[PDB]
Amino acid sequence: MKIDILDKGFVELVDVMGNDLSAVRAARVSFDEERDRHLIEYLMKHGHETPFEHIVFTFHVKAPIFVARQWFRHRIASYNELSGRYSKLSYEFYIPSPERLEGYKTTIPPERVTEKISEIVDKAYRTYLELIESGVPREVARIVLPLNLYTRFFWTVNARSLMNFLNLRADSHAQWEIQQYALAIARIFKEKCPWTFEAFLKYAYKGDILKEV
């Protein structure tokens, strides 16, 4: 299962451990859908979230560094990112679409903003390649690359922690770009743990965009 985000990014499921029943089982400490469904809802409305920690996912994410810097602030998880200082960086940058400026009245046409961003990316990237060819080590040359440069990482997180992620990132106050990734994460999560997801939206979700998608 893979979901494309922004112009060249993505979120794909690598592996998963357990399902809704994993939480049920842990809550009873042992080893009827209606009996289980109801327990899941019971645990969710009373704030008993530890049972949901026994469900874990591993995602493979392709995102712009500026989205990554926000994403990595979630410490109750595991990460492994590509090493920019020990591998030639690919020519992958996030170039917003003109619809990204929609709502904002700017001095210049949104499509012009799109153009200026591409320009910087190119000059920056060329300077980079120029630096490497000259013999300047990667760890140094890449420091002139912009924040929209794409990076990839593996993310392992438990269900409780994932729900913490969505409360903060699947919300209109978060930057739009990461919101998009959050929706993708939300969808994959819903697929693997429908019961836990249903209950989350109803009693614990503090966000606002999932209640409308």
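In case it trips you up, residue 1 is the first one in the sequence shown, and so on. Under this definition, the rigid core comprises the largest set of C-alpha atoms superposing within 1.5 Å between the forms.
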- Farther-lying stretch by C-alpha RMS in 5 other deposited structures of this protein (rigid core fit) among 101 to 109, 79 to 87: 79 to 87
- Message: For a rigid core alignment of each structure in 5 other deposited structures of this protein onto the shown form, which stretch has the higher root mean square Cα deviation: 46 to 54 or 22 to 30?
- Response: 22 to 30
- Item | Unmodelled deposited residues between residue 176 and residue 177, binned | none
- Task: Averaging the C-alpha B factors as listed in the entry, name the stretch that ends up higher: 65 to 73 or 37 to 45.
- Result: 37 to 45
- Of 90 to 98 vs 74 to 82, the stretch with the larger average CA B-factor in the entry is 90 to 98
- In terms of CA temperature factor as recorded, identify the highest of 183, 147, 168, 29. 29
- What third of the chain, by the recorded C-alpha B-factor, contains residue 141? lowest
